[PDB]
Structure formats: structure tokens, C-alpha cells
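Since the structure comes first, as C-alpha cells, the remarks are kept for the end.
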Amino acid sequence: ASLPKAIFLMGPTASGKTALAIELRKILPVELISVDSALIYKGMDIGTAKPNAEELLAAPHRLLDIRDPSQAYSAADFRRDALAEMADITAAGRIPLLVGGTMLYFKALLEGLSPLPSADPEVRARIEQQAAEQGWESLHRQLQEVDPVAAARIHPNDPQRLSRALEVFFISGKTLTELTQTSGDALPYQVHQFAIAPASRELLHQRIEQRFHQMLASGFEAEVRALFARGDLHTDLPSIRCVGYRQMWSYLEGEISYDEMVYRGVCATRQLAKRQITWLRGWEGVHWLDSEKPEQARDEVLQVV
Amino acid sequence: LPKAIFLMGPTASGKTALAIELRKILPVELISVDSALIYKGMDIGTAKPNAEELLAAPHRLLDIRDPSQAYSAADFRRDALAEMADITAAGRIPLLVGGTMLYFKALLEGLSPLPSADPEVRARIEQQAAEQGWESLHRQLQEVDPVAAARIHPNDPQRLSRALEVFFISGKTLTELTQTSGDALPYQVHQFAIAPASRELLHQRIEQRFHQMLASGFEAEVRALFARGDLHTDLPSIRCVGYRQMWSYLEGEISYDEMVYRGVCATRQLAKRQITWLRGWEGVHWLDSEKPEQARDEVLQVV
RNA sequence: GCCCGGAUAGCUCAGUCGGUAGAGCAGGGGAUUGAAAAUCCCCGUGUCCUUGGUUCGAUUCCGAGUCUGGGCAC
RNA sequence: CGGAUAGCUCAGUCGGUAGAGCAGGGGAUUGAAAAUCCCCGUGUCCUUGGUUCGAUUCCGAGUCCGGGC
Ligand SMILES: [Ca+2]
Ligand SMILES: [Ca+2]
Ligand SMILES: [Ca+2]
Ligand SMILES: [Ca+2]
Ligand SMILES: [Ca+2]
Ligand SMILES: [Ca+2]
Ligand SMILES: [Ca+2]
Ligand SMILES: [Ca+2]
Ligand SMILES: [Ca+2]
Ligand SMILES: [Ca+2]
Ligand SMILES: [Ca+2]
Ligand SMILES: [Ca+2]
Ligand SMILES: [Ca+2]
Ligand SMILES: [Ca+2]
Ligand SMILES: [Ca+2]
Ligand SMILES: [Ca+2]
Ligand SMILES: [Ca+2]
Ligand SMILES: [Ca+2]
Ligand SMILES: [Ca+2]
Ligand SMILES: [Ca+2]
Ligand SMILES: [Ca+2]
Ligand SMILES: [Ca+2]
């Protein structure tokens with residue numbers, strides 16, 4: 001049984017992932033899938049570094065523009081959509097090339113996800129209510145009583161995972177620990193994994209500052225103003241929490257100056273890149289490609305496949 | 001001589017913030033000194049104190065005029081005097097707060113008795129000037145009043161028109177009439193200027209405050225005024241900062257990004273002229289905007 | 001020119017009743033199970049502007065100098 | 001094929017260190033004042049070589065742009 005093959009092209013923001021995948025498209029029989037939590041949103045184009053129409057004509061990207069910014073996506077939704085796209089592409093005699101910087105998604109796809117309940121807004125509101133009356137420390141104390149192992153790993157000041165560990169208990173009566181000893185299904189594909197990134201760190205920062213000011217001149221403020229104008233989007237939504245968009249949101253709310261927006265936008269982008277690189281340093285199977293050398297990058301992929 | 005307080009400062013200075021904190025300590029009644037806050041239904045764009053601030057502190061001379069009605073420094077003078085007389089006859093001290101320095105000037109020093117606007121006579125001067133240019137009218141003024149001709153520049157249509165208007169209605173020239181004076185205040189006044197530490201900080205708070213009001217439904221407000229059908233660019237209300245730019249946006253003359261840019265610029269420039277007024281103002285005590293604690297304390301002492 | 005204030009970490013600034021210092025932000029490392037561009041954890045780095053006076057000891061109090069921001073004067 | 005000069009859009013130096021609008025700064029202010037006016041400039045002329053007493057300018061070469069196959 002020959003396991004079908006796929007390629008992961010990962011990397012930080014401003015690393016030229018999109019550039020290289022579109023070049024790979026010309027010489028390898030591949031179909032591209034976006035692995036990015038922000039490129040999935042309609043009308044969020046400039047700030048997300050979405051490939052434009054002409055780039056999509058030459059190299060179609062699946063899993064772009066499948067959500068309105070008011071709606072939320074998940075590692076799980078990605079996994080289900082990604083698996084289903086990977087079966088079509090394979091059934092057409094092609095090789096799925098998955099490209100993006102959203103590393104939890106790659107991980108969810110590669111090693112599985114344990115089956116668990118999905119979000120419950122009502123249960124989430126309840127927990128948020130109690131945090132506001134008694135602090136998150138009371139909630140972490142509750143988790144100590146029901147799920148000691150989850151309590152130890154999850155820090156008292158991590159609202160997101162604290163809410164998540166309790167939620168799973170409230171919905172099903174079983175603890176997060178209990179459910180996650182059932183393991184995720186591994187990806188039934190032979191996968192070649194690459195991570196392309198700038199030679200050094202000083203240079204990663206330089207390209208990020210450049211790519212931010214590039215966006216500003218591309219009409220980024222206008223894009224975010226349209227979103228801002230709708231009236232039904234708010235900073236608790238994943239899309240508005242995106243890098244660039246969140247700081248521009250403060251700006252449009254009159255909470256910071258233009259220069260403070262610019263400062264905090266770039267910083268958030270550097271902070272993104274840094275966390276993407278952390279994932280990649282601990283990742284297993286990675287072939288490293290040099291961002292500032294796209295020609296060798298292309299040839300290195302070719303001769304590893 | 002009964003006493004009074006001037007609290008003067010540029011836009012985005014925390015005037016109202018301080019006024020409401022003074023109202024808790026000294027026995028005092030606020031009077032708004034502002035060419036724009038007089039107008040009904042112009043609330044967001046003008047930085048009008050909200051209905052909550054108005055409950056803590058009553059402000060007089062707010063929302064006394066429909067936007068189709070021109071106010072004037074003389075109308076302010078009459079109303080402020082009449083209101084000071086109530087506050088004084090009621091045991092309290094008038095605290096006039098705001099950023100319209102000509103209005104403060106007229107009140108303290110007095111205006112000389114002249115004729116008011118005659119719109120027909122203004123119609124003829126604006127008609128003559130379109131046919132014969134603004135130099136010929138200036139020439140006309142030099143022939144009959146040399147002194148104002150030397151002071152009023154040929155490219156200043158408002159003051160030139162006014163100088164000629166005073167003569168056309170009266171027969172007496174502006175110089176002749178401005179020889180009689182005010183009518184200064186019969187009050188012992190304590191004058192305060194409240195401004196930020198630096199010009200960069202003032203600019204930055206101005207940008208911020210303008211985006212604040214956009215996000216609070218400023219365009220909807222101006223849409224309502226635009227809805228009416230009787231208001232136009234020659235009215236004092238629609239020439240206000242923010243409102244005038246939003247007016248061009250609503251006429252389809254400029255984009256939204258352009259409206260925002262010109263609005264911020266127009267508000268920076270307003271603030272600049274406001275502190276030009278205050279620099280050199282006699283007897284004024286300066287206060288820092290960013291130090292509200294130290295601010296309040298200096299006022300309490302001086303009085 | 002005169003008067004007032006500021007000067008301390010890569011940035012904003014707190015503080016040291018005179019015993020040579022710490023917050024946020026930036027930067028570094030790490031965690032990561034249906035919000036992940038999210039949410040968290042851990043770690044840095046000082047001629048305390050210069051100089052003189054008082055002092056056992058001064059970044060701190062005092063004087064002077066320099067740079068910066070205001071006001072006043074033109 | 002083109003463009004790179006002020007915070008922004010740009011003009012200009014027949015080779016001798018540069019203006020225009022806008023922004024910005026200073027000023028005036030007598031019934032429209034959030035109005036109406038007046039005054040002032042903001043400089044590694046992208047980098048590097050060549051030619052030159054002198055190059056931002058002329059001529060190469062680099063780099064970034066925006067356009068044409
Ligand atoms: Ca003055
Ligand atoms: Ca003066
Ligand atoms: Ca230093
Ligand atoms: Ca500093
Ligand atoms: Ca300090
Ligand atoms: Ca001590
Ligand atoms: Ca940090
Ligand atoms: Ca000594
Ligand atoms: Ca010393
Ligand atoms: Ca000292
Ligand atoms: Ca100064
Ligand atoms: Ca330019
Ligand atoms: Ca040119
Ligand atoms: Ca010449
Ligand atoms: Ca010049
Ligand atoms: Ca100007
Ligand atoms: Ca006068
Ligand atoms: Ca100069
Ligand atoms: Ca040269
Ligand atoms: Ca050249
Ligand atoms: Ca091209
Ligand atoms: Ca073409």
C-alpha cells in the first residue's frame with residue numbers, strides 16, 4: 001500500500017511562502033491549499049497578504065474566502081476541510097501542497113485531534129460571567145477539583161484554555177484529560193515538510209517593517225474602515241484580533257494615534273513571526289529553505305521530492 | 001466689584017473636565033463661550049458635553065440657536081452679561097468656559113457700538129466684488145477711511161466687507177465709530193489658559209478626538225442637517241470644523257479619506273489660532289492640560 | 001534675552017525622606033487539543049546628562065553648565 | 001521605455017548646495033471668529049564609481065518603484 005504524498009510549505013509571515021508555492025505550481029503537479037486562520041475571511045485581503053486575482057488564476061488556492069469575518073473557524077474545521085480537499089486533489093492525480101503560517105492547523109492535520117465538544121456560546125458566556133464576579137482564579141480552582149492534570153498544565157492567567165477545559169466538562173460530564181487519552185488519527189499521507197525563512201533574525205524584522213508600510217500604502221486603512229463601518233464586528237472576534245486589523249481597530253476607535261498604530265502593528269507582526277519560528281524549531285522532519293534565495297529553494301524542494 | 005472666572009483653552013484641552021471638577025468645590029455656575037455649541041443638534045462634532053456631564057454641571061448658552069441663524073460676538077456679550085447678572089444676583093460666581101477667544105475679548109473689553117449685519121447691503125458688496133474684484137472695494141474704502149484701509153488687507157473679504165458695510169448703512173466710517181469704546185466688564189475677572197505641554201501632544205489628542213467622534217455617529221448627525229434642505233456653506237454653523245468637510249463628503253465633492261484628512265487639519269489649525277490668541281493675553285495664568293490635579297489646585301488658590 | 005519645568009533601561013516614565021534602582025512597552029527563550037495572526041509562562045540591559053559644594057557616602061539636597069519643552073518679552 | 005530632490009504630490013539646477021501647492025510653524029483679530037486673512041521656511045537631491053577646480057545635475061553600474069512581451 002503506497003501512501004499518497006503531500007507537501008507542507010510552512011514558514012513565518014513575510015518569508016515568501018506564497019511566492020515559492022506559485023513557482024512550485026509551474027513545475028510540480030500540485031494543487032495548493034491555504035493553511036492560514038486569516039486568509040479564510042472575505043474582505044480581509046490587504047492586511048492578510050492574500051494572493052490577488054491574477055496570482056489565483058495562475059495558481060488556485062483552496063480554503064480562501066470561505067468565511068465572513070463575523071464567523072469563527074477552528075483547527076478542527078480546517079482539518080475536516082483540508083482532509084476533504086486532499087482527497088479530491090489526490091483523486092485527480094495531483095499532489096496537495098499545503099502552504100501557510102498557521103502551525104496549529106498543520107499540527108492538527110498531521111497528528112490528529114482528539115474528539116471533543118465544539119464551542120458553546122452560552123456555556124462560554126456563563127464562565128465569562130463567573131470570571132467577572134470571582135476572577136479567573138476561582139475558575140482555575142474549580143478545574144483543580146474536577147481535572148487536576150489539566151489544572152497543572154494550564155496557567156491561572158490563561159483565560160482561553162481555562163475556559164476551554166471547564167467548557168468540555170460542563171457539556172459532557174467528562175474531563176479534558178479523560179477525553180484526550182483517546183488519541184488523534186495520524187495523517188495517512190507520506191508528507192514532505194519544508195519551512196522557508198530569512199537567513200537571520202535581523203532581517204526577518206526588516207522585511208516585516210517594509211511589508212507593513214507597503215500595506216499601509218495599499219489602502220489597508222480603507223479595508224478596515226469598511227469592516228469598522230458594518231457595525232456588528234468587535235474585538236472578541238478572531239478576525240478583528242488579527243495582526244494589523246486589531247491595531248487599526250484601536251486607531252479607528254480613536255484609542256491610539258496613527259503613529260502608535262503603526263508602531264503596535266509592526267510589533268504585533270514581529271511577535272507573530274517569533275511564535276511561528278518557535279513552532280518550527282521544535283518541529284520534526286523540517287527541511288530548511290532560505291527566503292532570500294528562491295531559486296535554490298525551488299530546486300531543493302524538487303530534489304527532496 | 002463682583003468676581004468672575006475665565007477658563008479658556010484650545011480644543012481637546014480638558015476644559016469641561018476641569019469645569020465639572022471646579023463645580024464641586026467653589027460656588028460657581030458655568031457659561032459656555034463657544035461659537036458652535038450654541039447650535040441645536042450639533043453635539044458630536046462640536047465636542048458638546050454629554051447629557052451626563054450636563055446633569056453634574058449645568059452649562060448656560062448651549063443649544064439656544066437653530067443652525068440657520070447667525071450668532072455674533074455682540075449677541076454673546078448681551079447674553080453672557082444677562083446670565084452673569086442672574087448668577088450674581090443668586091449668590092454664585094460665573095465661570096465662563098470655552099475656546100472662542102474673540103467672544104471672551106468682546107465681553108471683557110467691550111465692543112464699540114456699530115450697526116449689525118444688513119444682508120441686502122452684504123448682497124450688493126458681494127455682487128460688486130464679483131463684477132469688479134476685491135481691490136476696487138478696498139480702493140473705495142481707502143478713499144473714505146484711510147485708517148481701516150491700511151489695517152484691512154485687500155485679500156480679507158470679511159473685514160473689508162464689514163468696514164464698507166458700516167459706512168454704507170451709517171455714512172459714518174468705521175474709524176469714526178470705533179472711537180467710542182466699551183462697556184468693559186463691571187467684574188473682577190480671573191483669567192486662566194489651559195493647554196497641553198507640547199504642540200505634538202496637542203496634535204495627537206486632536207487626531208484621536210476626531211476619530212472618536214466619527215466612531216460615535218458624527219456622519220449620521222451631519223446627514224440629518226444635510227437632510228433639511230435649507231442649510232448652506234455660507235452659514236456659520238456649516239463652516240465649523242468637521243461639519244464643513246463632512247458637508248463636501250455628503251455633496252459628493254470629496255472622498256471619505258479626504259474628509260477625515262481635511263477635518264483633522266482644520267482642527268489642528270483651529271487649536272493653533274486659539275493658543276495664538278492666548279499668548280500675550282493680559283493677566284492670564286497658564287495651566288497644564290495633562291496634570292488635572294495640579295490644574296484645579298492653582299485655580300482654587302488664585303481666586 | 002528673562003522666568004518655570006524636564007533630563008534615570010532600546011522607548012515612555014516611576015522612584016530613591018542621602019546608602020549607586022524598577023514598572024509598562026520593545027527585545028529574547030518557551031508553552032500550545034474546536035478563538036492559534038489567539039491566549040499565556042519565564043529572562044534581560046543603567047557612565048541615573050556634565051561639573052562643583054555639603055557629606056563617611058550624592059542619581060537624589062544645593063549652585064553652576066548643556067540639551068529639550070513651555071511661558072513672558074520682541 | 002520611464003520615475004528616485006522638503007512630512008506628502010511634484011518643479012528645478014545650460015555643472016557653482018534648490019522652490020510651488022498641501023501639511024507644518026509665527027502673526028493679525030470690533031456684530032460671520034470653529035470665521036477671514038498675512039508672513040516663514042522646512043534638504044546625506046537613493047547608493048556607488050567615471051569625467052570635473054566643482055556633479056544632486058552630464059555618463060556608467062548597482063537598488064527600489066510603476067508601467068510595456
Ligand atoms: Ca497673541
Ligand atoms: Ca502681546
Ligand atoms: Ca541612553
Ligand atoms: Ca528616554
Ligand atoms: Ca522623573
Ligand atoms: Ca534610604
Ligand atoms: Ca515582550
Ligand atoms: Ca568631596
Ligand atoms: Ca555628584
Ligand atoms: Ca543633579
Ligand atoms: Ca518655545
Ligand atoms: Ca516624495
Ligand atoms: Ca522630477
Ligand atoms: Ca547654473
Ligand atoms: Ca530654499
Ligand atoms: Ca499652511
Ligand atoms: Ca481689535
Ligand atoms: Ca531652515
Ligand atoms: Ca556624485
Ligand atoms: Ca545621478
Ligand atoms: Ca515591472
Ligand atoms: Ca498590456
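Labels below follow one simple rule: chain letters A, B, ... track the order of the sequence lines, proteins then strands, and each chain is numbered from 1.
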- Query: Within the structure shown, what part of the strands sits under 4.0 Å from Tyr243(B) by heavy-atom distance: base, sugar-phosphate, or nothing?
  - Reply: nothing
Can you give each donor-acceptor pair under 3.5 Å made by side-chain atoms of residues 264-273 of chain A, sequence neighbours left out, with the distance rounded to 0.1 Å?
unit_1    : atom_1 : unit_2    : atom_2 : d
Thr269(A) : OG1    : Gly265(A) : O      : 3.0

- Query: If you look at every strand shown and take non-hydrogen atoms under 4.0 Å, does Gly280(B) touch a base, only sugar-phosphate, or nothing?
  - Reply: sugar-phosphate
- Is there a donor-acceptor contact under 3.5 Å linking the side chains of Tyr261(B) and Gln245(B)? no
- Query: NA contact type, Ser237(B), heavy-atom cut-off 4.0 Å: base, sugar-phosphate, or nothing?
  - Reply: nothing
- Atom-to-atom span, CZ of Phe192(B) to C1' of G71(C) - whole angstrom: 16 Å
- Note on the structure: On RNA chain D, more 5' by nearest nucleotide between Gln214(A) and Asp234(B) is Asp234(B)
- Check side-chain contact (heavy atoms from CB on, under 4.5 Å) between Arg164(A) and all other residues, then give those that pass, not counting sequence neighbours. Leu116(A), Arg124(A), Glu167(A), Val168(A)
- Item | CA sep, side-chain torsions, deciding dist, call: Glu290(B), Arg205(B), salt bridge (charged side-chain N to carboxylate O under 4.0 Å, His left out) | CA-CA 11 Å; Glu290(B) 297 297 312; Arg205(B) 298 176 87 200; 3.2 Å; yes
- What pairs meet the salt bridge (charged side-chain N to carboxylate O under 4.0 Å, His left out) rule with one or both residues in residues 109-118 of chain A, with sequence neighbours excluded? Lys107(A)-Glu111(A)
- Task: Have a look at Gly47(A) and say if it touches a base, only the backbone sugar-phosphate, or nothing, with a 4.0 Å heavy-atom cut-off.
- Result: base
- Near-strand residues of residues 268-280 of chain A, defined as heavy-atom separation under 4.0 angstrom from RNA chain D: none
- What pucker does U39(C) show by its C1'-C2'-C3'-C4' sign, north or south? north
- Task: For RNA chain D, note the earliest and the latest nucleotide, 5' to 3', having some atom under 4.0 Å of a heavy atom belonging to chain B.
- Result: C22(D) to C38(D)
- Heavy atoms only: give me the nearest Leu225(B)-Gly41(B) pair and the separation to one decimal. CD2-O, 4.2 Å
- Message: For a quick check of understanding: with a heavy-atom distance under 4.0 Å over all strands, which category does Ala197(B) fall into, base, sugar-phosphate or nothing?
- Response: sugar-phosphate
- Contact class for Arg162(B) (heavy atom, under 4.0 Å): base, sugar-phosphate, or nothing? base
- Query: With no hydrogens and no angle check, do the side chains of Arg65(B) and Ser237(B) hold a donor and an acceptor under 3.5 Å apart?
  - Reply: no
- Message: Under 4.0 Å from OP1 or OP2 of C72(C): is there any side-chain N or O of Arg279(B) that close?
- Response: no
- Query: Between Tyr73(A) and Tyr105(A), how do the two ring planes meet: parallel, tilted or perpendicular, split at 30° and 60°?
  - Reply: tilted
- Task: Using the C1'-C2'-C3'-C4' torsion, classify the pucker of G19(D) as north or south, with positive meaning north.
- Result: south
- Task: Taking atom types as modelled, find out whether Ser70(A) and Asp68(A) have a side-chain donor-acceptor pair closer than 3.5 angstrom.
- Result: yes
- North or south sugar at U30(D), going by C1'-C2'-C3'-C4' (positive north, negative south)? south
- Sugar-phosphate, base or nothing in reach of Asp288(B), heavy atoms under 4.0 Å: nothing
- Item | Residue pair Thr11(B), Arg209(B): steps toward the side chain to side chain donor-acceptor pair (under 3.5 Å) verdict | CA-CA 10 Å; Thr11(B) 187; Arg209(B) 189 66 182 79; over 6 Å; no
- For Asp77(A), which contact category applies under a 4.0 Å heavy-atom criterion: base, sugar-phosphate, or nothing? nothing
- Whenever both distances are under 3.5 Å in a Watson-Crick or G-U wobble pair, mark it; put RNA chain C into dot-bracket that way, with [ ] for crossing pairs and | when the partner is on another strand. ((((.((..((((.....[..)))).(((((.......))))).....(((((..]....))))))).))))..
- Specify the separation, in whole Å, of atom CH2 of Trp286(B) and atom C1' of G69(C). 13 Å
- Task: Classify the nucleic acid contact of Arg122(B) as base, sugar-phosphate or nothing, counting any heavy atom under 4.0 Å across all strands shown.
- Result: base
- Message: Counting the atoms with a prime plus P, OP1 and OP2 as sugar-phosphate, which does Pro10(B) contact under 4.0 Å by heavy atoms, base, sugar-phosphate, or nothing?
- Response: nothing
- Query: Across the strands shown, which category fits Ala72(A) at heavy-atom distances under 4.0 angstrom: base, sugar-phosphate, nothing?
  - Reply: nothing
- Kindly check the sign of the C1'-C2'-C3'-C4' torsion at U52(D) and name the resulting pucker, north or south. north
- Note on the structure: Expected label for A26(C), using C1'-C2'-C3'-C4' where a positive value gives north and a negative one south, is north
- Task: With RNA chain D as reference, determine whether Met101(B) or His153(B) sits nearer its 5' end, using the nearest nucleotide of each.
- Result: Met101(B)
